[PDB]
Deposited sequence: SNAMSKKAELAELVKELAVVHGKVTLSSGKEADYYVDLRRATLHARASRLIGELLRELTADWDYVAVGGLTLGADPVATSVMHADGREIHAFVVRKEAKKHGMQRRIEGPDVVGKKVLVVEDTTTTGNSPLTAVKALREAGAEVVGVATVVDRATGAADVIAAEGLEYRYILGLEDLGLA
């Protein structure tokens, strides 16, 4: 579909940075996930990608996951709230920020997943807070052992876009 096609094209023009694992060219999805057009594409697409899962909230590890998470929340359809897992931050805070997740089915989002260590950190911290995790969903996958590592914690891993969808 041209929703998926339009997102790819936006990410190419919006998100690719040339220059100096060593990389010599990286994504930086924040240019897409905080983009008015691309954010709306991400939210709809993730909701469809994860339609079979019964989660009542979305979120993940602060910064990258945040715009992805509120895109899903702000997308049309069933009410889903968002949370934010802090990068282990300690007057007024919280390690999981936003409406109550205790005893709730929850979806873990990420913007770009390479090692999968990042979304699993959110997974570990959610589980510890008494939230049940339905699975992990990311915008772009970066073709490492992300599924096999996520799978190892009992979780399905899905993504909208591979590197080949981006010409990368």
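Inset, instruction - In sequence order, name the stretches of the deposited sequence that have no C-alpha in these coordinates. - result: According to the record, the gaps fall at 1-3, 24-29, 100-101, 180.
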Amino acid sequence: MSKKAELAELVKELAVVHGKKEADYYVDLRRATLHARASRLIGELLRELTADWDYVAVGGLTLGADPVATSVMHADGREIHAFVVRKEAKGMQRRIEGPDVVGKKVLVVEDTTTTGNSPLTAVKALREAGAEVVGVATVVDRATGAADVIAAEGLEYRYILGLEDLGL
From here on, numbers count along this sequence of modelled residues.
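Inset, instruction - Decide which of the stretches 139-147 and 54-62 has the higher mean C-alpha B-factor, going by the entry. - result: Mean CA B-factor is higher for 139-147.
Inset, instruction - Sorting the chain's modelled residues by C-alpha B-factor, tell me whether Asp28 ends up in the lowest, middle or highest third. - result: Answer is highest: the recorded C-alpha B-factor places it there.
Legend entry - Lowest, middle or highest third - CA B-factor, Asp76: Tercile = lowest for this residue's CA B-factor.
Legend entry - Modelled-residue ranking by C-alpha temperature factor, third containing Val85: Lowest third.
Inset, instruction - Please rank the C-alpha B-factors of the chain's modelled residues and tell me whether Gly130 sits in the lowest, middle or highest third. - result: Within its chain, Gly130 is a middle-third residue by C-alpha B-factor, going by the deposited values.
Legend entry - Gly116 - which third its CA temperature factor falls in, relative to the rest of the chain: As the PDB entry reports it, the C-alpha B-factor of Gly116 lands in the highest third of its chain.
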